[PDB]
Structure formats: structure tokens, C-alpha cells
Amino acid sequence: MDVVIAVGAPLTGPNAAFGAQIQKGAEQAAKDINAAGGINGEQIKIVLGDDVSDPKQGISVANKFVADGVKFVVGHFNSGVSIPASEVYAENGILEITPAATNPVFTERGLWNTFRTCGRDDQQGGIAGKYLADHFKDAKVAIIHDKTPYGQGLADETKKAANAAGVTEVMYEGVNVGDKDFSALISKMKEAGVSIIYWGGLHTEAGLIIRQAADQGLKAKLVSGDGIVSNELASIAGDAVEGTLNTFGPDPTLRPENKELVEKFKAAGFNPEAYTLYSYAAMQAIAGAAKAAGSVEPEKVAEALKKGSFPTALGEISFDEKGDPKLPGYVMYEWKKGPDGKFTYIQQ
């Protein structure tokens, strides 16, 4: 029959825009592959499952996929959703390739079925920790995190790397996802002389910290990672977003080879920023591996991914024995005004 492929993502909630990056990128790839003859002569059927960035909801989504005969899942977005959902998939013969979950644990559990098109946070924290050392040598650094597996994980990888290169944070604090008032923490950071705020977490909380920090007169730069790369940050944060820093892969939309693809998304009215092409590529990889493997059986395609190499919107993609991709590493971005005059992220 058709090859049933699920999108497991935050289609609603604070991270809906990310959920839409993943959905649109996955739907466009299925559309393109199908018009090309599908996977090994078979058409791809997309199903959608909304995890609302909640682990328990993600587990329910995963069990549903299992039931609907899903064979491949592109997703999820959050590490804390992906890690538990992957067990459910591992047990019920379903290959999961995440375009966005970066926590090392995802691929460090020996599971047959876990792959990514994105990097991992030992890599990302490496880069950031070093950068803090290469540019804020004597700054009073606060490390703040959202108490999630992703957010605390990245903040810990960043702290580890920084601590090691010589930089010793003056504060290390967790906040709760959904919290809206950071005055106390901000008042704490001001007493501490904080001039750099390193945030392991997502854009919602990040934008509020930026906004309120400026309003309380804390002159500190926020440095974060992949979780803040959505154009909503500028709205949440306001003009205070200027000068914010964050790590992320090289922007795939800037790849000359993607020019026509990017233009197609844009003609459809969607700006395929950030994780959109990472998701497109997840789909490319499944198709490329299945062809190399002469099979659409998930266990076999998984073996194919680990062995083969495949053309994608992200470049030539290969995978190591754990399912991690071999691709260009994390680079630093700064938030500045674009041509249109609004703040966005540009590689330094």
C-alpha cells in the first residue's frame, strides 16, 4: 500500500509556529517525492499528530500513530516529547527521525529507530560555551534554563564547556515553562552584575526575559540556542531583541541549491524558515534510504540510513551508528534589522 508517514509535532500551543515549520516541510517533501513516483513505487500518506509540546500528550499521539499503521514519524520537536515517544515507536516497529530534538539522550539509548536531521547539544553547548570564553571572558554570566530535558540539557552542556574554558557563571537558575513574570530573577541578576544571560530554552520565555530585562534596566545580552529561531521572538521581545545571540545550523534557506524550493514555499505563502527544510530533509532521507535498501520496512530502512548517504535540502546526509547526522556544525547568529526593517537572525 501507500507508505504511511506521520508528523508528530506541536501543531498548537506556544510552539505552533515550529510545529508548522515541520508540518509544511514534511508535506511539501511528500508532495514532491510522490509526484516523482513515491517511495519504491508507493505513494506517501501523511498523517498528523499534535503533541502540544507535552510529553503525556505526545505518548497518546504515538500510540495513535501505532494504531493507524504509521510506519515512519518525522518528529517530534521537543526533546522531552521525542525521548518517551521514541520508546513507543521502538517497540511497535516505527522509525522516528526528528528534524529538531537536540538532546543527546535521544540517540544515546541504543534504540534501533532513532535518527535526526539536526545536531545535538553536546555539540551546541560546545560551541556556545567556547564562544562565551572567546568573547565574554570577564563577563558576569547567568545561566538560566526552562527545567526541560532540552533546556536544562543545553544549559548544562554550555556550562560544562564554559566552566572548562575558564568562564564561571555567577548564577544558575531554572524557570518554569509558562511562567510570565521574571522580575525576581531579573532583580537577582541585576544585583549579581550580570551582563550576559545564557538561556537554555525556547523563544516564548526568552522573549519575555529580553522584554522585562530591558524594562528593569538590566543591561545584559541574551545568548541562546536553536529554540529561539522563530520570527515570533521579535514580537514577544520587542526592539530589545536587537543584539541577542544564538546558535543554530547554517541557514538552509540560504543554500544556493535550495533557491527554487525556497521560492516554491514562498509562492505558497509560507516562509520556510528554520526547521522547515530540516523536516523536508527528514523525508528525503527516508525515501533515499528505502531506495538504497530496496525495502519500506522500517527496520531495514534504518539499517540503510546508517550505511548509506543521501542528497537532501541540507546537503549530502549520512548517519553514524547511533542515528546522528554528519552535517555542518553549529554557528552563531545575531539578531539585527533586515532589509524590511524588522529584527531577524543572521549568521555572524
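The term rigid core refers to the most C-alpha atoms you can superpose between the two forms while keeping them within 1.5 Å. Don't overthink the numbering: it's just position in the shown sequence, from 1.
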*asked:* Please tell me which region, 18-26 or 334-342, has C-alphas lying farther from the displayed form on average in 4 other deposited structures of this protein, with superposition done on the core.
replied: 334-342
*For the higher mean C-alpha B factor in the entry, choose 133-141 or 199-207.*
133-141
*Could you check which stretch, 164-172 or 118-126, carries the larger mean CA temperature factor in the entry?*
164-172
*Check where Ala100 lands among this chain's C-alpha B-factors and tell me if it's the lowest, middle or highest third.*
lowest
*When the modelled residues of the chain are sorted by Cα temperature factor, does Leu261 land in the lowest, middle or highest third?*
middle
*Can you tell me which third, lowest, middle or highest, the CA B-factor of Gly329 falls into for its chain?*
highest
*For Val3, return the chain-relative third of its C-alpha B-factor as stated in the PDB record: lowest, middle or highest.*
highest
*Can you work out whether the C-alpha temperature factor of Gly225 puts it in the lowest, middle or highest third of the chain?*
lowest
